[PDB]
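Shown next, in structure tokens, is the structure this report addresses.
2 protein chains.
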Amino acid sequence: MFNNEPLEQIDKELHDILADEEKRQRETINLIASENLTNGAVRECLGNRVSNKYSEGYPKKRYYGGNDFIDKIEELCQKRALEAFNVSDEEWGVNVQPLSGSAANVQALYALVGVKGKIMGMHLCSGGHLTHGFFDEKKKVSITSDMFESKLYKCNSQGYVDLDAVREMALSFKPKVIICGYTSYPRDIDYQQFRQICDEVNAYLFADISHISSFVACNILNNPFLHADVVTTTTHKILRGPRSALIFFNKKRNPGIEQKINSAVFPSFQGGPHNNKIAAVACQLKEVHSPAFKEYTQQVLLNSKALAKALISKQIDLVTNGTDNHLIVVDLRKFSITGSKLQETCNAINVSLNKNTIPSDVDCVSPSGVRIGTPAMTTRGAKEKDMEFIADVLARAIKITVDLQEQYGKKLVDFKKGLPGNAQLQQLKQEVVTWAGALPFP
Amino acid sequence: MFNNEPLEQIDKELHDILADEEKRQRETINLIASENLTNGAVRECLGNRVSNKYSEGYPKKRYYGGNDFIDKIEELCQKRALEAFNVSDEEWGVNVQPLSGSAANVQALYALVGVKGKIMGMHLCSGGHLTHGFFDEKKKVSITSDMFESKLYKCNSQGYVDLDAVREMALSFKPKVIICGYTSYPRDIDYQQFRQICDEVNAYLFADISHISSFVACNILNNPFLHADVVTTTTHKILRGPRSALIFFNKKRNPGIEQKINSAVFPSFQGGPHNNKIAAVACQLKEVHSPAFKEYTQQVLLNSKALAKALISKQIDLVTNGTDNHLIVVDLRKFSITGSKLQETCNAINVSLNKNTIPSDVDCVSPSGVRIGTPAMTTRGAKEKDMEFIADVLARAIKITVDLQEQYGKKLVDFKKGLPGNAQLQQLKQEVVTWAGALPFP
Ligand SMILES: Cc1[nH]nc2c1[C@](c1cc(C#N)cc(-c3ccc(S(=O)(=O)N(C)C)s3)c1)(C(C)C)C(C#N)=C(N)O2
Ligand SMILES: Cc1[nH]nc2c1[C@](c1cc(C#N)cc(-c3ccc(S(=O)(=O)N(C)C)s3)c1)(C(C)C)C(C#N)=C(N)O2
Ligand SMILES: Cc1ncc(COP(=O)(O)O)c(CNCC(=O)O)c1O
Ligand SMILES: Cc1ncc(COP(=O)(O)O)c(CNCC(=O)O)c1O
Ligand SMILES: [Cl-]
């Protein structure tokens with residue numbers, strides 16, 4: 001007593017937009033640092049009948065019947081996760097149920113501190129995430145600044161974490177958790193130093209490695225598991241899994257953290273797990289462990305280094321003047337243009353990126369940079385040679401943005417008036433589309 | 001630079017469990033009241049490349065480039081939601097980003113009351129949800145009892161909402177929100193009366209219709225939209241969508257609730273939306289509006305009525321002695337067995353159900369009932385005649401549970417010893433499989 005007509009027949013309107021989105025993805029140079037492209041395997045899971053199952057609780061401890069095959073899938077995923085991050089199942093545990101990054105972070109922070117509990121995080125403008133306690137003079141923007149008492153550390157003018165400032169802050173403020181690992185930070189993290197500062201004040205060390213997870217997994221960057229009490233990460237970014245998250249807890253450093261994190265996830269915050277998610281996370285995590293994915297991750301850094309170099313060679317400024325990882329923040333001050341304007345120009349040419357703050361920025365609307373990253377294009381097979389091309393397109397986009405601002409003015413609505421029908425943008429898009437459309441596409 | 005082999009080839013281990021899980025679903029009498037079976041179209045969306053896109057914010061106000069087709073999908077979904085529940089886009093708004101029912105509730109409650117805010121919900125044991133402010137003398141089990149100040153109203157000994165008690169509570173406690181609409185409540189709700197009690201105290205009227213959403217949509221049960229300030233619902237239950245959730249807000253009754261709800265979902269709680277969900281929801285909401293889905297929903301109630309009737313005809317007691325909806329709670333007291341024991345017996349025969357509390361219970365460990373519901377089996381093409389058979393199987397299952405308890409004793413570990421290779425359980429399972437495996441299966 002249902003409809004079994006395929007998507008195209010049952011809902012032609014929606015199937016079109018999806019066909020449209022697929023063509024756009026295929027024909028874009030994707031520089032969103034947090035995006036990737038899932039293979040057909042990960043997507044077969046996400047679309048599996050396994051999402052029919054209610055299975056609140058944990059494997060063997062379910063509030064529903066007929067959860068035998070679900071328990072195997074949840075158990076395999078936890079196994080493959082601890083595998084992927086080269087941690088022993090005796091020392092470290094993992095919750096695979098959090099639905100996304102922001103959920104995982106809120107659940108983990110609460111497990112550790114509770115309501116009114118004290119937390120420390122890097123400021124959004126300096127490269128911190130919303131869920132790291134972000135607030136503004138006007139409003140408590142994130143729940144992490146509201147259900148928790150939070151204080152925010154800004155990086156120095158050069159754009160690097162100021163470890164001195166972190167300690168100064170930790171000593172007077174006396175937090176129970178300090179968050180490190182970031183959303184738009186282009187440098188590696190001295191976890192050892194964070195561990196030192198947390199030991200001094202008896203605070204938990206929280207590392208959110210969502211942006212850099214693959215590096216940590218493949219031993220290319222610093223390992224937070226050596227020092228951290230809690231490690232969280234999303235599965236959809238550099239990891240190239242589905243949209244989901246993981247919470248890792250150090251059992252050895254903190255006995256009875258296992259129960260705290262698990263009860264924070266359920267039943268404190270969530271109800272029934274998304275089994276298609278967990279199934280997909282399991283599938284991707286097998287690929288994470290292979291030396292083949294290590295190759296991909298290395299290529300990401302190789303492309304990121306090269307792209308940084310090519311942009312500097314074209315007199316484009318970078319925050320910290322380079323990158324240790326997959327991402328770069330371009331400081332657009334010398335061009336007197338905003339990230340918002342550059343995002344529009346790039347969207348007009350099929351270049352996906354996002355506006356990003358810089359250390360000097362005081363206002364989150366009207367920001368002075370864009371952020372870029374290599375994981376997506378690296379997935380499509382682009383090598384270091386290709387990075388000069390991406391740099392060239394970004395350069396030309398910056399120039400067109402300068403010209404269009406000259407003609408139409410500083411207002412964004414005024415600025416957009418210039419984009420349709422622009423002869424250079426059309427030639428540039430044609431260039432982008434031509435090259436993008438040819439690349440391997442999962 | 002990816003591996004594109006199909007799931008069977010790339011991950012043989014995992015593909016087996018999913019093929020294992022698939023066979024189990026086909027060969028089960030699924031009586032889990034909150035479960036359903038999604039068609040091929042809904043599952044094609046969930047596995048679509050649209051989940052690659054980061055699109056924080058709201059349509060036309062994205063923090064990323066490349067969101068033109070994503071904006072059309074999100075807009076279509078909100079339109080179809082408002083259509084499905086016969087509300088004008090002028091009076092009512094909808095957020096389609098919440099990742100699941102529990103997330104939606106916490107988000108909507110915070111929008112309305114903030115941290116420390118006062119809320120009223122039905123107690124879990126009386127059929128309320130965990131997110132309705134659930135706690136115990138020992139621990140604040142849900143965040144909704146921790147980040148909020150909560151008070152819990154119980155139903156009467158017959159199992160019905162005691163409206164008198166609700167008012168008595170509201171006058172003393174003076175809540176900012178009163179929650180109605182429940183997880184395991186087998187009767188319809190007097191929203192109008194909830195509205196009068198909310199008005200006396202100046203509290204918001206929160207209706208969570210996750211279990212009964214299809215009824216509301218098809219005008220078969222009371223419409224909470226006539227009275228409620230906020231309406232939340234999951235998309236995966238009777239609605240037969242993907243696993244996701246919807247927050248509905250009355251703009252006319254409460255101007256600027258739109259901004260409050262929307263900022264609660266983002267950036268208060270979530271980050272990037274799950275676009276594959278949003279797409280799947282859209283596809284399902286089309287189906288919801290059709291007269292054909294009304295037919296299905298009508299069959300759900302007709303089956304539930306018949307199943308209730310047949311169980312009473314075999315001298316099995318029901319909470320409230322019947323049902324107004326898709327769900328029945330069976331009072332197992334006269335058999336001197338637990339719901340937990342019956343769950344295992346039913347799991348052993350391929351009957352999916354869950355243990356449930358009854359009014360008399362004072363302990364969530366060792367509850368006195370099972371809850372059952374018709375949406376899944378109704379979806380599979382079972383009609384009223386079939387309900388006698390289901391009733392027969394449950395009856396026989398209760399009997400076998402009584403015998404097994406008699407032999408092996410009251411301890412659950414002891415009880416389970418009796419299940420494998422039991423002649424009548426084998427014969428019952430075979431009866432269950434022969435029938436279930438033959439039915440239509442999306
Ligand atoms: C959207 C988001 N989430 N977490 C993120 C972002 C980024 C961000 C960039 C920019 C810019 N330009 C602006 C934002 C804001 C998001 C939400 C607000 S607000 O809540 O509405 N309120 C403070 C005005 S401001 C956030 C990036 C990665 C997109 C950001 C950056 N840069 C970082 N660090 O972390
Ligand atoms: C699991 C869950 N979530 N929300 C639900 C359920 C149901 C429930 C049933 C039963 C039984 N028997 C037990 C529970 C509990 C879940 C979690 C706890 S606890 O928080 O960890 N702590 C009190 C022990 S108690 C919850 C049903 C629908 C399964 C329930 C019921 N009955 C209702 N009303 O609402
Ligand atoms: C460090 C960090 N942590 C958590 C999240 C939350 O993930 P969800 O969006 O799945 O909630 C993000 C996403 N930040 C957005 C970006 O970098 O583009 C992040 O960068
Ligand atoms: C009324 C109600 N509200 C919210 C939720 C939360 O949904 P998620 O599981 O997607 O968090 C449930 C789950 N109900 C559990 C059951 O009846 O089986 C529910 O019954
Ligand atoms: Cl999903």
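Line by line, the protein sequences are chains A and B. Here the first sequence is numbered in PDB author numbering, starting from 1 and rising by one per residue. Here the second sequence is numbered in PDB author numbering, starting from 1 and rising by one per residue. Even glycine gets a Cβ: it sits at the ideal position worked out from N, Cα and C.
Residue i: contacting residues in chain A (beta-carbon distance under 8 Å)
i, result
"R167/B", "Chain A residues near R167/B: none, gap ~29 Å exceeds 8 Å."
"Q97/B", "The contacting residues do not exist; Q97/B stays about 11 Å from chain A at best."
"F389/B", "Those do not exist, as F389/B stays about 17 Å from chain A at its closest Cβ, beyond 8 Å."
Assumed close pair residue i, residue j - CB separation to whole angstroms, cut-off 8 Å
i, j, result
"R243/A", "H274/B", "5 Å"
"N36/A", "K237/A", "6 Å"
"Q270/A", "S268/B", "That pair is no contact at about 17 Å."
"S184/A", "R371/A", "5 Å"
"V330/B", "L318/B", "6 Å"
"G256/B", "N347/A", "Their Cβ separation, rounded to whole angstroms, is 31 Å, which puts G256/B and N347/A out of contact at 8 Å."
"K417/B", "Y408/B", "6 Å"
Any non-hydrogen atom of ligand 3 within 6 Å of residue i CB
i, result
"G271/B", "yes"
"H211/A", "yes"
"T38/A", "no"
"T28/A", "no"
Residue i: CB within 6 Å of a non-hydrogen atom of ligand 4
i, result
"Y54/A", "yes"
"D208/B", "yes"
Residue i beta carbon near ligand 2 (any heavy atom closer than 6 Å)
i, result
"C364/B", "yes"
"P367/B", "yes"
Test item: CB-CB of residue i and residue j under 7 Å
i, j, result
"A203/A", "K176/A", "yes"
"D229/A", "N262/A", "no"
"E149/A", "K118/A", "yes"
"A280/B", "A391/B", "no"
"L327/B", "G373/B", "yes"
"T378/A", "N276/A", "no"
"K154/B", "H132/B", "no"
"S368/B", "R333/B", "yes"
"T232/B", "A376/B", "no"
"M147/A", "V113/A", "no"
"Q193/B", "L239/B", "no"
"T401/A", "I337/A", "yes"
"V265/A", "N95/A", "yes"
Classification of residue i by the beta-carbon crowding that lies within 10 angstroms, buried from 16 upward
i, result
"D324/B", "buried"
"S360/A", "exposed"
"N321/A", "exposed"
"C364/A", "exposed"
"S172/A", "exposed"
"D208/B", "buried"
"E56/A", "buried"
"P224/B", "buried"
"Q284/B", "buried"
"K341/A", "buried"
"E344/A", "buried"
"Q405/A", "buried"
"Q158/B", "exposed"
Residue i beta carbon near ligand 1 (any heavy atom closer than 6 Å)
i, result
"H129/A", "yes"
"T338/A", "no"
"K151/B", "no"
"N275/B", "no"
"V141/A", "yes"
"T357/A", "yes"
"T235/A", "no"
Partner residues on chain A for residue i, Cβ-Cβ distance less than 7 Å
i, result
"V50/B", "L18 and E21"
"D146/B", "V115"
Chain-ordered chain B contacts of residue i [CB-CB under 8 Å]
i, result
"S340/A", "Result: empty, since nearest Cβ-Cβ is about 10 Å, beyond 8 Å."
Interface partners of residue i on chain B, CB under 7 Å
i, result
"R43/A", "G47"
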